[PDB]
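First come two forms of one protein chain, each written alone as structure tokens, so that there is a structure 1 and a structure 2.
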Structure 1
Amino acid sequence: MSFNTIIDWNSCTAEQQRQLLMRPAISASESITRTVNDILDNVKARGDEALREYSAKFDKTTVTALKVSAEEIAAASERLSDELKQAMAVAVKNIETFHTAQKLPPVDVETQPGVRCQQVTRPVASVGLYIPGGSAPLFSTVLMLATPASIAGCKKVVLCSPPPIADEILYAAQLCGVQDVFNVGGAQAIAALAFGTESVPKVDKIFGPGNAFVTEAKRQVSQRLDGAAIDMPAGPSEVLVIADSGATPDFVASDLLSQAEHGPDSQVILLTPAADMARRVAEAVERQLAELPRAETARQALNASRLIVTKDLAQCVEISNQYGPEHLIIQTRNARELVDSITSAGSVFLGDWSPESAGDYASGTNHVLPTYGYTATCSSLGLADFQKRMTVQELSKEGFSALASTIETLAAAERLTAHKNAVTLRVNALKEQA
């Protein structure tokens, strides 16, 4: 009943320790790349016609109106329970509070007298959100994406999801101010958003995860000048828990299983200085798994899980920093004190009462995070992903005069005489008047 068990880290060889922290590579798949390539070209060339043809071959009932009406949105909202609507409101309120707190303060400084430099921000003008479908869609991603778009001040916010779109997605969209929702999914939805169709607007940037085709479609459109930008590359999700002797096995196990149930390629890792904790967590994981309504997916993910025993907490921190987990959960007595030493992780959870579930749904932090090692250079999705920094400078006659010789010297040293001449012309015009 056990597919392996506990790994004593220091008993491993140097080679094994390095492979233990490596992530499963992606097979390219020339076939998916070509299918998506053809879907993208077809949607750009033939618009809604192309989308309806695709729909006709999948849906059984071919989509007609690509845009979801206000009436369909209101009927969907009426079918939802007050309990669910109230829970979404609490979530959106916390997400809004945290992301609003991310607004950049003004950057306005005179680097030297009369040389005023500023950094200002401007919203990405139009954004497209993609939400995977199905009977039980993860509608919470709508709150995670539409909320910061709204706070950033994006002028157009639209969303695509495979028809028929669940009531929960339609209500979440409405709740967050999403302007238009369209009955399209997969690589065709990514194409419709990146290129525009008669019904779907062309957006500047596309957000949201999806399957291999959606992921490949986002990859492709981000590489074409006639395409659109995307939020961040994709890959298998992950959770790494650091637990000491004072942790509760069932809490640890429940966090590993929350992540394992997401998909068969989820990576879940435990790092602990106590072999006893590792064994107890392994038993808890096995007992809790047995009770999951549909544990087939979690069971698969657990085959890549690693329950590692280390020498101490400092080594747990060294290993986690090398891995750079999407979610880092720290169930140790001194959890907060360890944060200063964490150098790579998407979102961190501290203590016994901060399950990953709390962040996935309502704490206020964003659950769209870098995975598959991308935490090395990418950030948690945040307000900054919906806007861009622009710089501004104004030199007075005095500021310019005081900096002119320095600029001339540098331009002369790079042998860029035109750059130098733009300065000389002004120095002469100023002497001429003074």
Structure 2
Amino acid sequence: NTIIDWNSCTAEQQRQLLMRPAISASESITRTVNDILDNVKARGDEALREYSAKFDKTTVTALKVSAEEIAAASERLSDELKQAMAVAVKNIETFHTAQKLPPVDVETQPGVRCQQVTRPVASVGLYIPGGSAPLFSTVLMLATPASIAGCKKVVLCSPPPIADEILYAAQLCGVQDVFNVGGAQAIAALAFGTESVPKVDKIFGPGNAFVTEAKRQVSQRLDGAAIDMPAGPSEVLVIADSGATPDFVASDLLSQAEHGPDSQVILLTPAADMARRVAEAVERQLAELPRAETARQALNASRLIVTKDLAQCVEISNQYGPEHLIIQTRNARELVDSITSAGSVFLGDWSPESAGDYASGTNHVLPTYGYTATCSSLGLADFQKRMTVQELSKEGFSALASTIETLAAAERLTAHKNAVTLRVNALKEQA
């Protein structure tokens, strides 16, 4: 609860206020993660079961959860929960289906036909964390687009025992195989494959430090697999004007704060009275949270910044590029065209972060830690690839032949040039 007046700040203080946590990729975390990966690649299920005996100690037998276990889990859930997941899946499906790239098919010049088509990533592995609270919503976010893309194989790993909600979500979204393996070992299992877990082309979904280091390592190994995106501390940046409701602002700052102790929570507002009221609201609301140590920790790094005007709020946000940008201003919609970097944007007073995290239809797997500079929100595109196709007719080729010969010759690529000459001469003979 200490308001920062942006324009009273020296230039240095301003730079420091927008910095992100320095990375602490423990050489021990990298060492442990590397031994885990090598071990899993070298010994498969044997190594997996060993880690099962140590960590979380659940003594796994069959890595694959059976259809019977999934059916039993599904029967235990309430109809209220099942129906809410269905609303969410429907909206997530609607939004992601609308992302299908329309056909690209054009003749750049007569007889020179260029196309861009799409093909699904053949095999994808989804990761879901464990813990006492089940993060089943991520299953909906990952499995739905994979399904829409037409991915042939879709599997999922989560630390055992896997919660009923996660099993039901997986079945609901067509996940084919669910495996009792978590952490770095799960990522290694998906990247290299084992006797039970298939080697997949791409791995999706965030996790703890070990999971993050694992996804990092396998993405760089030739014998590994591609990953959806780099990771880092999560972030929320709320822009609030004088007409905002302090409790609504506070509720979103706390929604982000409970995500993890390293979460970055930032408010930008042109009114000191708004910052003060939000600070008070945050304090009152925090007092009502039962599991609040995580949020309390994240709030230690929060910044409630008073700017001189809305223009400065936009300028600061664009420089930062927040994972989640929440615009609680009376002209939110009008500001969208000016936002140049953010993972997901929430507009107005009735678009809580919670709406996007669970059921509006947008994806909650987003770039953070500054990766918004070049990465996008997870979407259909991440489960597919663009393939180029071209066909030149005799006429098209003939019209472009001299141009190609000239360019190849200037680059001194003789074989490239001769590929054209051979064809030009064959066409002359047949004319």
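Only residues modelled in both forms are compared. Counting starts at 1 and follows the sequence of structure 1. The term rigid core refers to the most C-alpha atoms you can superpose between the two forms while keeping them within 1.5 Å.
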Checklist entry - The form deposited without nicotinamide-adenine-dinucleotide: 1 or 2? => result 2
Checklist entry - Hey, after the core superposition between structures 1 and 2, which of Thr61, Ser69, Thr409, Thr391 has the C-alpha moving 2 angstroms or more? => result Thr61
Checklist entry - Upon rigid core superposition, what is the positional shift of the Cα of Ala295 between structures 1 and 2, expressed in Å to one decimal? => result 1.2
Checklist entry - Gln315: how big is its Cα shift between structures 1 and 2, in Å, with the core superposed? => result 0.5
Next on the checklist: After superposing on the rigid core, which segments of 3 or more consecutive residues have every C-alpha shifted by 2 Å or more between structures 1 and 2?
Outcome noted: 58 to 61
